[PDB]
Amino acid sequence: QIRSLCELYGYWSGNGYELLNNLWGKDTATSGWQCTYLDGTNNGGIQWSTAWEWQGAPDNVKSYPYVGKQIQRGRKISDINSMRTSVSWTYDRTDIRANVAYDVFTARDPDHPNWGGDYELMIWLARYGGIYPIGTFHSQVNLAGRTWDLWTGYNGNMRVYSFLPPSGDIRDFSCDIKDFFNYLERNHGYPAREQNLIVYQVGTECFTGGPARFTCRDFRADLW
Ligand SMILES: OC[C@H]1O[C@@H](O[C@H]2[C@H](O)[C@@H](O)[C@H](O)O[C@@H]2CO)[C@H](O)[C@@H](O)[C@@H]1O
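Residues numbered from 1 in each chain as written, not as in the entry; some residues may be left out. Heavy atoms only, no water. Residues with missing side-chain atoms left out of burial classes, pairs and counts.

Looking at the PDB entry, the chain carries the name ENDO-BETA-1,4-GLUCANASE, with the source organism given as Humicola grisea. Recorded in the entry header as its title is "X-RAY CRYSTAL STRUCTURE OF THE CATALYTIC DOMAIN OF HUMICOLA GRISEA CEL12A IN COMPLEX WITH CELLOBIOSE". Turning to the chain, the UniProt record has this under Sequence similarities (unreviewed entry): "Belongs to the glycosyl hydrolase 12 (cellulase H) family." (UniProt positions renumbered as here; feature names shortened; annotations may be inferred.)

(A) Region of interest: the overall build of the chain. Scanning the chain from N- to C-terminus turns up one helix and 15 strands. Whereas a compact globule of 224 residues would reach a radius of gyration of roughly 17 Å, the chain reaches 16 Å, a difference of no more than 12%. With respect to the three principal axes, the spread of C-alpha positions in the chain is 45 × 35 × 30 Å. A separation of at least 24 residues holds for 71% of the contacts in the chain among residues at least 6 apart in sequence. (Helix = DSSP H or I, 4+ residues; strand = E, 2+ residues; numbered from the N terminus. Rg over C-alpha atoms; globule rule 2.2 N^0.38 Å. Contact = heavy atoms within 4.5 Å.)

(B) Broad picture of the state of the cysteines. Summed over all chains, the structure comprises one disulfide. Each disulfide pairs two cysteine sulfurs, and for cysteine 6 the partner residue is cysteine 35, the sulfurs being separated by 2.0 Å. Judged by the sign of its S-S torsion, about -65°, the bond between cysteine 6 and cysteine 35 is left-handed. Placement of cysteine 6 in the loop between β1 (3-5) and β2 (11-14) and of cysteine 35 in strand β4 (residues 31-40) is noted, with a sequence separation of 29 residues between them. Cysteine 6 gets classed as partly exposed once you look at its relative accessible area, which sits at 32%. Looking at the unpaired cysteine 175, the closest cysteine sulfur is the one in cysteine 216, lying at 14 Å. Take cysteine 216: its relative accessible area is 2%, and that puts it in the buried class. (Disulfide = S-S within 2.5 Å. Buried < 20%, exposed > 50% of the residue type's maximum accessible area, 1.4 Å probe, protein only.)

(C) Layout of the pattern of salt bridges. Per the counting criterion, the structure on display carries five salt bridges. Residue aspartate 169 pairs with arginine 171 through a salt bridge whose shortest N-O separation is 3.0 Å. Residue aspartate 169 is classed as partly exposed on the basis of its relative accessible area of 29%. A salt bridge links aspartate 218 to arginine 220; its shortest N-O distance comes to 3.1 Å. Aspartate 218 sits in the buried class, given a relative accessible area of 19%. (Salt bridge = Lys/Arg side-chain N within 4 Å of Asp/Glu carboxyl O.)

(D) Local environment of a nonpolar patch on the surface. Together, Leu8, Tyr9, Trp24 and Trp33 line one region of the surface with nonpolar side chains, adding up to about 420 Å² of accessible area. Relative to the elements of secondary structure, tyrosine 9 occurs in the loop between β1 and β2. (Patch = residues over 30% accessible without salt bridge, like charges linked within 9 Å, V, L, I, M, F, W, Y side chains within 5 Å. Areas by Shrake-Rupley, 256 points an atom, 1.4 Å probe, with all protein chains shown as cover.)

(E) Examining the environment of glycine 156 more closely. Along the polypeptide, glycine 156 turns up in the loop between β11 (146-155) and β12 (158-164). Note: C-alpha distance between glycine 156 and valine 61 (95 residues apart in sequence) is 15 Å.

(F) Here's a closer look at the environment of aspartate 222. For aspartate 222, the position within the fold is in the segment after β15 (206-221). Look at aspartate 222 and you get partly exposed, because its relative accessible area is 40%. Taking the C-alpha atoms as reference points, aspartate 222 and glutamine 201, 21 residues apart in sequence, are found 11 Å from one another. Leaving out residues up to four positions away in the same chain, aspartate 222 has contacts with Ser82, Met83, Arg84 and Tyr200.

(G) Spatial organisation of the site of the ligand. Residues in contact with the ligand, as listed here, are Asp59, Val61, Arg97, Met122, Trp124, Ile131, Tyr132, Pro133, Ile134, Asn155, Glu205 and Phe207. Backbone polar atom of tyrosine 132 to an oxygen atom of the ligand: 2.7 Å apart, as the coordinates give it. One of the side-chain N or O atoms of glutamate 205 is found 2.6 Å from an oxygen atom in the ligand. In isolation the ligand exposes 490 Å². Once the protein is present, 72% of that is buried. (Near = heavy atom within 4 Å. Polar contact = N/O pair within 3.5 Å; in protein donor to acceptor, adjacent residues only side chain to side chain.)

(H) Just the pairing of strand β7 (residues 84-91), in detail. Both β7 and strand β13 (residues 172-176) contribute to a ladder of five bridges, which runs antiparallel. By the bridge assignment for β13, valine 87 is matched with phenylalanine 173. Where β7 and β15 come together, seven bridges link them in antiparallel fashion. Each bridged residue has a counterpart across the sheet, and for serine 88 the counterpart in β15 is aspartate 218. (Pairing = 2+ DSSP bridges.)

Structure below.
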């Protein structure tokens, strides 16, 4: 690895991307740790991985190490035409409580901190160990060439929309996240004309299990 980010909130940025050893829930663990590795920045993308083991509090996320596309504040979702992204990943085992997911926060306050927002949009590519997203099942949705189970609910005052695979995982994925926002704007009254983009990320939410290793073989993201 080019960089090993094993400290709490160990951080790298470059090429308009960033990487964080984002162990935001680790104090709920009874044992374990996690490191995030920058493996490469080849071909306009990022190659990275994370290794971990956690015990305790099986409904509590311990971490969400992520790669993020850096974005400028003050861009309304309605004024973003496209958020094209692809990811290729593997997990070395699936007998763990964890997901793989895109995470996007938006907020009416363009200076809202990066830990949250008014709204959260997640696109889950894996659902291991019997975990649930925030909220309850809403409806099925056709986007990005797939069918999704949409779940909705609240994390504090933040409304969370999570799009889940009905079965299996999706280890190679590409999409335009604006398709997901446009669907929410049409059918859920999502106020895209007053919501600003805060973060644009992919990573893995880790609850319990391991030793486990997530490998992001390639990540690319753009927006226009
Ligand atoms: O806490 C935020 C985190 O929640 C995760 O869902 C939890 C949920 O908080 C809890 O109420 C329920 O009983 O357990 C689930 C896990 O199975 C959610 O999966 C994450 O996306 C979210 O970041």
